[PDB]
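Residue numbers (the entry's author numbering), protein chains in the order written: chain E, 1 to 412; chain D, 1 to 417. C-beta: ideal position from N, C-alpha, C; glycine also. See below for the structure under consideration.
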Amino acid sequence: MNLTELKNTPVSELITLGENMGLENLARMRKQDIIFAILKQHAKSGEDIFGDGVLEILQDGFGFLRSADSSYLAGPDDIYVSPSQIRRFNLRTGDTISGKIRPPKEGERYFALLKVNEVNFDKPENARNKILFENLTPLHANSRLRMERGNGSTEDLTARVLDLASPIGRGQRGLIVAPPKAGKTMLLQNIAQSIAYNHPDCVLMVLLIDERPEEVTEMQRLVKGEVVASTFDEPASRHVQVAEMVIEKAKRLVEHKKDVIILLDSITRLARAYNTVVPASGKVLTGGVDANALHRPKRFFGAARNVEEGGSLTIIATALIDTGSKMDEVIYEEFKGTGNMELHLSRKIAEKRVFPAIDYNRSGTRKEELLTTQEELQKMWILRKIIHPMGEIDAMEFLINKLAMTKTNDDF
Amino acid sequence: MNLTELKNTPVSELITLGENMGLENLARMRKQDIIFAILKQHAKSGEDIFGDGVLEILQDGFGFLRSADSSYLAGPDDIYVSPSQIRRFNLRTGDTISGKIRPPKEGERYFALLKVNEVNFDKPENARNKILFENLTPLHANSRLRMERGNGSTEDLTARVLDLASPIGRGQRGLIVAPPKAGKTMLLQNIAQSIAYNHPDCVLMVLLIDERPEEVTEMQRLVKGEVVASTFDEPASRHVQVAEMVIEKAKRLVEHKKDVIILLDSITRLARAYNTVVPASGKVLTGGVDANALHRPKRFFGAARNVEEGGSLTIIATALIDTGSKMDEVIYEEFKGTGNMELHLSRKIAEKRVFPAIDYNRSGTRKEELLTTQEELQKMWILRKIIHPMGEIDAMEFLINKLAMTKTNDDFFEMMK
Ligand SMILES: Nc1ncnc2c1ncn2[C@@H]1O[C@H](COP(=O)(O)OP(=O)(O)OP(=O)(O)O)[C@@H](O)[C@H]1O
Ligand SMILES: Nc1ncnc2c1ncn2[C@@H]1O[C@H](COP(=O)(O)OP(=O)(O)OP(=O)(O)O)[C@@H](O)[C@H]1O
Numbered sequence: 001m002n003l004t005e006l007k008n009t010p011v012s013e014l015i016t017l018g019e020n021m022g023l024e025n026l027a028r029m030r031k032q033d034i035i036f037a038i039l040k041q042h043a044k045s046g047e048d049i050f051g052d053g054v055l056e057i058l059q060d061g062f063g064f065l066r067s068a069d070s071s072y073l074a075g076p077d078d079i080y081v082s083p084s085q086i087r088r089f090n091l092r093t094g095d096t097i098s099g100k101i102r103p104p105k106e107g108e109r110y111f112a113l114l115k116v117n118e119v120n121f122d123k124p125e126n127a128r129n130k131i132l133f134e135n136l137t138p139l140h141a142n143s144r145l146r147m148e149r150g151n152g153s154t155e156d157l158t159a160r161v162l163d164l165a166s167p168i169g170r171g172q173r174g175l176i177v178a179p180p181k182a183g184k185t186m187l188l189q190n191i192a193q194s195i196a197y198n199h200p201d202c203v204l205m206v207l208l209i210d211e212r213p214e215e216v217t218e219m220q221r222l223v224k225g226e227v228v229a230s231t232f233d234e235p236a237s238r239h240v241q242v243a244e245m246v247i248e249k250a251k252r253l254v255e256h257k258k259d260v261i262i263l264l265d266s267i268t269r270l271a272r273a274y275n276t277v278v279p280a281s282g283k284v285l286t287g288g289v290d291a292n293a294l295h296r297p298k299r300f301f302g303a304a305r306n307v308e309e310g311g312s313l314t315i316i317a318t319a320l321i322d323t324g325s326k327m328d329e330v331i332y333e334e335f336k337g338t339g340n341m342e343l344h345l346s347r348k349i350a351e352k353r354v355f356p357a358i359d360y361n362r363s364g365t366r367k368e369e370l371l372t373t374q375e376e377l378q379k380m381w382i383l384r385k386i387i388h389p390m391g392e393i394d395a396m397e398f399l400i401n402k403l404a405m406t407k408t409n410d411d412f
Numbered sequence: 001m002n003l004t005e006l007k008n009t010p011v012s013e014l015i016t017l018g019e020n021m022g023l024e025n026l027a028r029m030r031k032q033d034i035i036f037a038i039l040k041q042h043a044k045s046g047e048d049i050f051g052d053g054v055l056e057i058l059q060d061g062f063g064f065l066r067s068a069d070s071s072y073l074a075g076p077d078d079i080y081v082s083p084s085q086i087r088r089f090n091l092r093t094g095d096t097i098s099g100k101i102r103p104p105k106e107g108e109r110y111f112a113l114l115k116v117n118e119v120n121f122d123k124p125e126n127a128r129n130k131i132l133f134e135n136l137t138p139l140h141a142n143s144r145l146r147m148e149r150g151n152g153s154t155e156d157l158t159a160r161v162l163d164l165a166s167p168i169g170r171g172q173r174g175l176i177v178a179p180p181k182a183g184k185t186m187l188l189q190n191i192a193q194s195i196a197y198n199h200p201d202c203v204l205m206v207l208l209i210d211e212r213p214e215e216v217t218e219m220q221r222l223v224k225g226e227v228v229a230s231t232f233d234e235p236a237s238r239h240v241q242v243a244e245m246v247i248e249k250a251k252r253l254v255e256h257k258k259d260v261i262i263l264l265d266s267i268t269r270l271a272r273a274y275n276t277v278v279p280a281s282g283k284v285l286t287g288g289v290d291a292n293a294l295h296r297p298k299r300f301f302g303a304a305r306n307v308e309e310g311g312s313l314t315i316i317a318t319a320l321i322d323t324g325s326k327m328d329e330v331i332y333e334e335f336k337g338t339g340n341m342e343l344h345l346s347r348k349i350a351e352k353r354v355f356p357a358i359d360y361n362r363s364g365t366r367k368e369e370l371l372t373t374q375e376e377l378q379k380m381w382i383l384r385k386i387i388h389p390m391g392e393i394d395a396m397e398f399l400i401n402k403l404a405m406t407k408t409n410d411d412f413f414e415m416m417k
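As structure tokens, this is what we get:
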């Protein structure tokens, strides 16, 4: 009886397994309520029930264990964490906890944790003690994330143009500037698919803020990583909670010297959600957004960095532009010189169905000298010197007609 | 007899046919009171009286049966539902209930439910836990709702342009951006007429929020579906109640693998009613509207989706723009990237009496690849590539002057490449 195993099984199968235990009011209930009832009926059997989840501490000091399957949504199937446990184990908001859970007594309304088996995929040890705020921050350039999954596929074409224009490194702040209808939704999943095949050691998390539900289901069923999202029919507090949970889990995993990658969608809408949630403090609003509010999402984007001790924390967020709203324009202007990697998309190139729509002249990475080989800098700069006088769309033709012949593996 | 039978009969017949039973002081009273009195006078005859209505459960735990004819308005002619009954039948706020009702007692003012005959057009067998919150959400491009009647009528012309510009699929989030005096009201009824004539299997519901009464009567007398409305002389709580009742009925009907379509008018007015009703707790507000309030209408628009299990839930809402109020501007800005289908109208094209006035260059549907045939995408792309360099006012001329010859099934036989 593993809680996570229940949460990953379809609701249609939950009815058959729950009805076979003597439960009748499961005819039309939510998956969380069904799982809670099934556990409470199986808890009467005195058998060991196992559970796990990502910790989130509330204001009162006890917190709960949110589920990654439910995108860290508050529900009856959550696990209560005692404050004394948080005093026994130095637990912060974001620690993945696994262990045996106990049945609820009279008047508790939530399950509680009996034993702490593992903390962040490791036994309860305090060896990995260096919190992310205390780790030194070198430049992103001490590794390259090559997105080259194959040799002769149409998918790798966009990834090959990405590798040629803006190399990706461990712990880089990626910023994808994209107008509407410019190939931004498939560009993210193309990167995510290439991440899992090329760098399986990296923990890949795709965060979708203020996204349509059908595209959420498309993404979470097509990417082999951890896809978390919050649909537009949810309050901005939900978006803020999901974003902070994801960033805290990433920080805690990086504290274990792991390489974590975050693909954030619509950072502008995340900043809008923050402006909505933050209790307005100063009346100095410009363009509709409170200034101090923008302090909160920046910190999110500020978490991405390379670590001198170990591991990395990579964040690639998409900045929406040409939306017609001055709010998104002000957000993008405030996020101008924050990232060390910028990937620009052109709407005019997407009109003529050239699907790699990267503005090569307006795309690049800072400190790319250490992200590439000594001889790799020369070829990329020579290629950029001849693309500079070219047109905005005529450059992509010149790229594809030469890139679709050979690979980036052994150039010439 | 049947309460519903009375609700659909004119008030003139309620007085003439009801006074013949011995009640003559119901003339100067409301239709709901007239129906209540007629039922109470016909109930003393010991004849089985049947009733039905859409369930609405209150906060206290009991519910009533609102009438679709009265646009789900609270009245004396409603049927009380006991909570204990709700414990036997795990009923939600959208379940349409039909069955035998009992007469009220002296001192009681509402009818009660004796027997539960049908639940959502079916025997009470709710063994499938197909609640909307648990159904999977595929994309809206499984089946296409084509608005091509083939009648070759000027009416079908606007619908033919609609099919050419933005195809409609099962379970789509439609957003009709429309300035004032640009052909919005006529565009909706054209869609509603084409839905009932082409796709009778779909349950069509036309929701009108903050609408004038004469236009409400115009709409409910021209659409072959279920027309529900709440006039502007009613509080915002009424608008919220009507909208939530409609969306819950749609959700419950989708739970039975049915294809439900919702034509919502003035989603901006629904968001305004929500902002009025929502208990402002967030001390922030932009443009006059509270931000947290906007969480409530979005969910309505968020309900529209395709379902992997069965049926669909289609919602096409009209977003008002260029009204001069920053409130509507903020609402439209918050609903910018929410829908997967956008149909824009231009007042300048409508000003020249070319009334379809569709902004072709800024209208379209995402993932339209699965809504059309393999060769239909090519023809649409070729047609859009030649409209792209044209203006707004000159594109509709080129479309209409060429569309009135063929029927959008032969329109792709000339200028082939
Ligand atoms: N690399 C590609 N290869 C093939 N087809 C693509 C590619 N990129 C985009 N497309 C097609 O073009 C469309 C581009 O839209 P996409 O989903 O990429 O994001 P977008 O439309 O820019 O995002 P938004 O919804 O915010 O406008 C897609 O629907 C897809 O069918
Ligand atoms: N399809 C059409 N064909 C011909 N004339 C039309 C059409 N649609 C609208 N009109 C003209 O426009 C006027 C009615 O348009 P409609 O009622 O759709 O405006 P509206 O935008 O809904 O109004 P409001 O801006 O007040 O909501 C009438 O005078 C009618 O002559």
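Distance from the CA atom of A236(E) to the CA atom of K115(D), rounded to whole angstroms, is 44 Å. About 7 Å separates the beta carbons of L204(D) and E226(D), which is inside the 8 Å limit, making them a contact pair. Contacts between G324(D) and chain E, judged by CB atoms closer than 7 Å, are missing: the closest CB pair is about 18 Å apart. For the stretch 22 to 35 of chain E, the residues whose beta carbon sits under 8 Å from a beta carbon of chain D are, in order, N25, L26, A27, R28, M29, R30, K31 and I34. Within the stretch 213 to 244 of chain E, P213, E214, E215, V216, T217, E218, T231, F232, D233, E234, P235 and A236 place their CB atoms closer than 8 Å to a CB of chain D, listed in sequence order. Contacts with chain E at 8 Å (Cβ-Cβ) do not include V254(D). Contact check between the stretch 280 to 292 of chain E and the stretch 329 to 344 of chain E: three or more CB pairs, one atom from each, fall below 8 Å, which counts as touching. Against chain E, the beta carbon of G302(D) has neighbours under 9 Å at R212, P213, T231, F232, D233 and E234, listed in chain order. Assignment of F64(D) by DSSP, reduced to helix, strand and coil, places it in the strand class. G94(E) is positioned such that its CB atom lies closer than 8 Å to that of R252(E). The beta carbons of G53(D) and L65(D) sit closer together than 8 Å. Restricting attention to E56(E), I35(E) and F301(E), the CA atom closest to the CA of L263(E) is found in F301(E). With 16 or more neighbouring CB atoms inside 10 Å of its own CB, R170(D) falls in the buried class.
For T318(D), the uninterrupted beta strand (DSSP E) run begins and ends at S312 to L320, by DSSP. Membership of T96(D) in the beta strand (DSSP E) is indicated by the continuous run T96 to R102. For secondary structure counted as the beta strand (DSSP E) over 3 or more consecutive residues, the stretch 221 to 283 of chain D holds these complete runs in sequence order: 226 to 231 and 259 to 265. In this model, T231(D) and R366(E) are separated by some 60 Å (Cα to Cα). In the DSSP assignment, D156(E) falls within the unbroken alpha helix (DSSP H) covering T154 to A165. Closest in C-alpha terms to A112(D), from the list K258(D), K407(D) and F62(D), comes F62(D).
For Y332(E), the three-state secondary structure derived from DSSP is helix. The residues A229, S230, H239, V242, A243, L264, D265, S266, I267, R269, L270 and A273, in chain order, have a CB closer than 8 Å to that of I209(E) in the same chain once the five nearest residues on each side in sequence are set aside. Residue contact check for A280(E) against chain D: a CB pair falls below 8 Å. Legend: CB atoms of the stretch 356 to 372 of chain D lying less than 8 Å from CB atoms of chain E are not found in any residue. From the listed residues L222(D), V307(D) and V177(D), the smallest Cα separation to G337(D) is found for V177(D). Look at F301(E) here: in three-state DSSP terms it is helix. Just measuring C-alpha positions, the residue of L370(E), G324(E), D77(E) and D122(E) sitting nearest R102(E) is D77(E). The count of Cβ pairs closer than 8 Å, one atom from the stretch 26 to 33 of chain E and one from the stretch 113 to 132 of chain D, reaches three, so the stretches are in contact.
Per the Cβ contact rule, the stretch 152 to 164 of chain E is not in contact with the stretch 310 to 320 of chain E (fewer than 3 Cβ pairs under 8 Å).
Distance check between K100(D) and each of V206(D), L345(D), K417(D) and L3(D) places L3(D) closest, using alpha-carbon atoms only.
The beta carbons of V223(D) and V246(D) sit no closer together than 8 Å.
As the crow flies, the alpha-carbon of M341(E) is around 48 Å from that of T408(D). Between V216(D) and the set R353(D), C202(D), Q189(D) and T406(D), the nearest pair of CA atoms involves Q189(D). A contact is defined here as three or more CB-CB pairs under 8 Å, and the stretch 356 to 363 of chain E meets this definition with respect to the stretch 385 to 401 of chain E.
Using a CB distance below 7 Å, the part of the stretch 1 to 22 of chain E facing chain D consists of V11 and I15, ordered along the chain.
In this chain, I176(E) is not harboured by any alpha helix (DSSP H); it is covered by the beta strand (DSSP E) spanning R173 to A178. Among the residues facing chain E, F121(D) is not included, as its CB has no counterpart in that chain under 8 Å away.
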